[PDB]
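Residue numbers (the deposited numbering): 43 to 526. Just so it is clear, CB atoms sit at the ideal spot from N, CA and C, and this is done for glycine as well. To keep things clear, I will list the structure first and then write my remarks on it.
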Amino acid sequence: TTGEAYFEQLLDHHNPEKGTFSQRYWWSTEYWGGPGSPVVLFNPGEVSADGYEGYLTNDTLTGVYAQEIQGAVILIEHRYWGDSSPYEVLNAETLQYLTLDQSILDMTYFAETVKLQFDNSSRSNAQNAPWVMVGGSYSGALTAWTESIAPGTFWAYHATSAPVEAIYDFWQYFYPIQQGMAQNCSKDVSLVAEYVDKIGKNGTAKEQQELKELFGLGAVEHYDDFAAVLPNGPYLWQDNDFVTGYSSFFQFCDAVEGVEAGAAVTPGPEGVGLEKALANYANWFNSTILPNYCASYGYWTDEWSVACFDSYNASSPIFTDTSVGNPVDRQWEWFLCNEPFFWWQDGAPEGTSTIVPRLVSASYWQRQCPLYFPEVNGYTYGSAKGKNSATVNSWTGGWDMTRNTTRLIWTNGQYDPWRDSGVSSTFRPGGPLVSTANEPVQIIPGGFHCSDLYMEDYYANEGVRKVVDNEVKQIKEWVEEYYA
Ligand SMILES: *[C@@H]1O[C@H](CO)[C@@H](O[C@@H]2O[C@H](CO)[C@@H](O[C@@H]3O[C@H](CO)[C@@H](O)[C@H](O[C@H]4O[C@H](CO)[C@@H](O)[C@H](O)[C@@H]4O[C@H]4O[C@H](CO)[C@@H](O)[C@H](O)[C@@H]4O[C@H]4O[C@H](CO)[C@@H](O)[C@H](O)[C@@H]4O)[C@@H]3O)[C@H](O)[C@H]2NC(C)=O)[C@H](O)[C@H]1NC(C)=O
Ligand SMILES: *[C@@H]1O[C@H](CO)[C@@H](O[C@@H]2O[C@H](CO)[C@@H](O)[C@H](O)[C@H]2NC(C)=O)[C@H](O)[C@H]1NC(C)=O
Ligand SMILES: *[C@@H]1O[C@H](CO)[C@@H](O)[C@H](O)[C@H]1NC(C)=O
Ligand SMILES: *[C@@H]1O[C@H](CO)[C@@H](O)[C@H](O)[C@H]1NC(C)=O
């Protein structure tokens, strides 16, 4: 059966006298073998957890784990998202306790002390039963970082597509997309991105304004805000999985290549060249992306509004909305600016081919932190205080937290936009992590973001099936060691 409950979480694990707030969780005993059986714990991470029921079922990898080991499944909503926020208003003062250490200790404290409605004894808490922590994306890093920082509560860990390395100028976000996309699209998108840079850096004012109008963006006043719309094509790669078919991304590349779906004649790998690619990219954005783009934020209603592209308007509701249920993931922007993780999604450095404009730069994103988070009662965000990526990585270990691990398995995707923040990054010093029996790591061929989490990928792709089968057997083997 299923239910939902609240756990009384510590606001500040370092200072319990500051009190508690109520943290939402959901649970399922569909596969549970009774008190003493395993518990699979999954934190949906950078989002409200309400639309995540499926993780209780074997339609997802967490359910498959549970069925394999006779485990309960618990879905825990992250502090400061949804119904797990201590405050109704999120600003630089109230977000002071939205940190990685608090988020890690939330998980161990919960597993050690929660009173589960389905087992009123202590027999299902983590001191008495094996808890398996599973996470994808940021919650996969939360999972790995918990093994690094606070081992000894959870029994085993699986991290898929985990950004365990903080990186400031994360231009590598786009590198696996460039590698996975078609040759002609990649070439033509790069031509357009670099043309946008040339016109921004060397073109006249009349050239800049005219290029903006091609995209429908003549009213966008800051050139870097125009340049920042070009990644909307590449970003669609993040929505791919092995069952999305002729997806939004592949539609974008066909548009750039100037062909309708199913066309008999298509360009070869050489693409269509700058002039056509520019015209096609401009019209694709103007006609397919721009309409109702700003209206999707709720703050605006006009179909052709460009207000949401103006990142220099300190009064924009994108920056001033402090509500918990905001549509701009303000909570995540806090982690980026404050921890700081950064992961700014940028054009590549000079001398390295790029599929997004180099004018989309780390400084362009960093400039927005004080617009999201103006100083409040003396409180500011961590990167303004001088904290940087190494502050985080030297604590957690970053992608070198792999040194001496126990019962942690990793999965990554060959073409995951988050791969190069993780242990399988091609830019990790000493190369990507080498798999061992003690610490396995698998890369899904052709894989995207968290492709082993969704079982539709398992049935659709034999490469995914091989990876899922291996990690499920590894988790079962490790869990059995608890009872042996
Ligand atoms: C030059 O430019 C042209 C014009 O832009 C380029 O042509 C376009 O190329 C696109 C990319 O190749 C192509 O999109 C593809 O369309 C086919 C359908 O025609 C579709 O199958 C593709 O989608 C599959 O693959 C992606 C990538 O992994 C998956 O995200 C997606 O879910 C699909 O996956 C299924 O098929 C894969 C087989 O390729 C399996 O690996 C995967 O597991 C999954 O399998 C399920 O479905 C299978 C159905 O085949 C089934 O057998 C299996 O049992 C599972 O159920 C992708 O959308 C465009 O259509 C094309 N545009 C045109 C022709 O107008 C061209 O590539 C450029 N060339 C160069 C050299 O640069
Ligand atoms: C490109 O975007 C512009 C908006 O900047 C679109 O202009 C609107 O077009 C509709 C007609 O479909 C008019 O009703 C609006 O008054 C226009 N608003 C303007 C010009 O500010 C334009 O249609 C888009 N072009 C394409 C090809 O989609
Ligand atoms: C999901 O559970 C059902 C139980 O009725 C089982 O028949 C099915 O094989 C399971 N699927 C997976 C992928 O484990
Ligand atoms: C800046 O934001 C405020 C609030 O939405 C709005 O009234 C104003 O028109 C915006 N300015 C621009 C140039 O978009």
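Do you know how far the Cα of residue j is from the Cα of residue i?
i	j	result
residue 375	residue 414	8 Å
residue 396	residue 84	35 Å
residue 357	residue 267	16 Å
residue 485	residue 222	14 Å
residue 167	residue 509	29 Å
residue 402	residue 235	10 Å
residue 145	residue 378	14 Å
residue 46	residue 410	37 Å
residue 140	residue 153	19 Å
residue 53	residue 434	21 Å
residue 325	residue 300	10 Å
residue 465	residue 482	11 Å
residue 136	residue 423	11 Å
residue 199	residue 512	14 Å
residue 259	residue 233	20 Å
residue 446	residue 190	9 Å
residue 341	residue 388	27 Å
residue 131	residue 373	11 Å
residue 361	residue 174	37 Å
residue 490	residue 59	44 Å
Who are residue i's beta bridge partners in DSSP?
i	result
residue 454	485
residue 494	Beta-bridge pairing links residue 494 to no other residue.
residue 47	67
residue 472	Residue 472 pairs with nothing; no bridge assigned.
residue 173	81
Let me confirm a value: residue i is counted as buried when at least 16 other C-beta atoms fall within 10 Å, else exposed. Which label applies?
i	result
residue 471	exposed
residue 306	exposed
residue 463	buried
residue 454	buried
residue 197	buried
residue 459	buried
residue 505	buried
residue 522	exposed
residue 503	buried
residue 380	buried
residue 476	exposed
residue 180	buried
residue 285	exposed
Can you tell me which of the options puts its alpha carbon nearest to the alpha carbon of residue i?
i	options	result
residue 492	473, 520 and 457	457
residue 67	106, 90 and 61	90
residue 206	178, 55 and 389	178
residue 78	158, 97 and 120	158
residue 72	114, 103, 101 and 500	114
residue 452	427, 439, 480 and 428	480
residue 331	293, 366, 49 and 341	293
residue 103	355, 520 and 501	501
residue 437	86, 110 and 188	188
residue 37	82, 216, 151 and 511	The chain is shown only over 43 to 526; residue 37 falls outside these bounds and no answer can be derived.
residue 263	209, 352 and 220	352
residue 92	75, 118, 112 and 336	118
residue 407	162, 383, 339 and 440	383
residue 469	181, 215 and 124	215
residue 126	105, 148 and 108	148
residue 517	450, 44, 467 and 365	450
residue 400	64, 496 and 231	231
Which runs of the alpha helix (DSSP H), 4 residues or longer, sit entirely within the stretch 407-445?
If we require 4 residues or more, the alpha helix (DSSP H) runs fully inside the stretch 407-445 come out as 411-414 and 431-438.
Enumerate, from N- to C-terminal direction, the unbroken alpha helix (DSSP H) stretches of 4 or more residues contained entirely within the stretch 189-258.
Contiguous alpha helix (DSSP H) elements confined to the stretch 189-258 occur at 217-222, 225-244 and 247-256, taking only those with 4 or more residues.
Let me know the alpha helix (DSSP H) ranges lying completely inside the stretch 282-349, each 4 residues or longer, listed in chain order.
Runs of the alpha helix (DSSP H) inside the stretch 282-349: 290-298 and 316-326.
Contained beta strand (DSSP E) runs [length at least 3] in the stretch 98-152, N- to C-terminal order:
If only uninterrupted beta strand (DSSP E) runs of at least 3 residues are considered, those enclosed by the stretch 98-152 are 114-118.
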